[PDB]
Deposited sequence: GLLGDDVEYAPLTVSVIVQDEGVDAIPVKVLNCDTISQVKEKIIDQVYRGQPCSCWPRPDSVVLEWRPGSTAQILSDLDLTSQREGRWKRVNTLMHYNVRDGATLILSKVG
């Protein structure tokens, strides 16, 4: 099943408040990044991280991808409603 969820986005080293972003569990990471950018600034240059003790970079295709490698969604990483994400540029 596909369903909406909200993530809380921290813009790294900017000292600003976390920004809520409405995303879908079936959104690929690139779709998540586009929704974040649209919201925050109302994808190749930006990095998205999550800390479920060890910080993890979220990407469409990485070494964790379902294995031919299947595109990662928030559902793949098991990112749940309310999760904190970190956005950084360059």
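- Stretches of the deposited sequence left without coordinates are 1-7, 50-58, 69, 85-87, 111, in sequence order.
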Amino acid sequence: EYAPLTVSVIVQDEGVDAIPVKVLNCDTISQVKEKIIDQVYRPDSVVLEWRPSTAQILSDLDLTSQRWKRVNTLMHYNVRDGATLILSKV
From here on, numbers count along this sequence of modelled residues.
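- When the two stretches 21-29 and 5-13 are set side by side, the higher mean Cα temperature factor goes to 5-13.
- In this crystal structure, the stretch out of 30-38 and 43-51 whose C-alpha atoms carry the higher mean B factor is 43-51.
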